[PDB]
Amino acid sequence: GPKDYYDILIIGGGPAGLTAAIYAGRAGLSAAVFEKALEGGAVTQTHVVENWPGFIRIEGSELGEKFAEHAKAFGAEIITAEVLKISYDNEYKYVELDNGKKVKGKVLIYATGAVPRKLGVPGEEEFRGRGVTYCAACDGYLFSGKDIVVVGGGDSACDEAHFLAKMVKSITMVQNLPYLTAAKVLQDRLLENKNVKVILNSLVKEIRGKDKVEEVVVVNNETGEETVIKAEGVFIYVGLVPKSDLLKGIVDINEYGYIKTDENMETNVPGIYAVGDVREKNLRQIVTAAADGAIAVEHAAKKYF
């Protein structure tokens, strides 16, 4: 049940948006968080979070809820709804929800995240959090001393494989094309890592295990031959998808779908900011999303009110 007006409209209820909500409430500003799925965002889809300072080891779903409760403690209203359209006039911003309701605000914080592309193979969903992950920074440590697979051969896959090789026993990369697509510099760093092996022109067919991941079945695109790779973890890096379509044609977006902003997180449209993983940036973590949300609201609190 949203009201007609809020000082700040926040699209997305992941760490970026929820931090923005916390900062908005503690700036004396009314705020609405529109979240189509689960409050907490991607955190709710991770097993344990070990890199949110202050919590040594906490379940992602629990942390996400802590974030949502914190935002509500200070006044923000979390609304379960999908935002379908965004528009703006001289000084107000508007959103239309999937329930027909239209909401007005002075400022809009866009925090829709960026979703990892999936493999779409058996075992991928089943083992999420039990060997299957899409974030090396987040979970790599958990795989120290283990054999793992990294799927993909682009910038992210090669960059994160290099990162992981310092901790994991071995990496088998599975790349679909007959070559790696990552920048040479990124590929060059991988050659330092003798505990890394690359399998080209192949796809993951299935991910198998009992309680946790135990094997990955790979199939060659040319021959169809199948190989069984023993592994305890699968890090998937076959692409990321920023959820910026609501702002396509409204704000400057880069070639890959990520929203451009200045140092205050502001887009080229006054009063519209982009925070967290949907923004053009290098490191997508809970702490960098939180920092973006803080920066944006602090700046807006002073500039537009």
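Throughout, we count residues from 1 along the sequence that is shown.
On average the C-alpha atoms of 183-191 have higher B-factors than those of the other stretch, with 183-191 and 103-111 being the two compared.
Averaged over Cα atoms, the B-factor as recorded in the entry is higher for 252-260 than for the other of 252-260 and 34-42. Looking at the C-alpha B-factors along this chain, the one for residue 177 belongs to the highest third. Split the chain's modelled residues into thirds by C-alpha temperature factor. Residue 134 is in the lowest one. Annotation for residue 82: C-alpha temperature factor in the lowest third relative to the rest of the modelled chain, per the entry. Among the modelled residues of its chain, residue 200 has a C-alpha B-factor that falls in the middle third according to the deposited record.
For residue 149, the recorded CA B-factor ranks within the lowest third of the chain. Only modelled residues enter the ranking.
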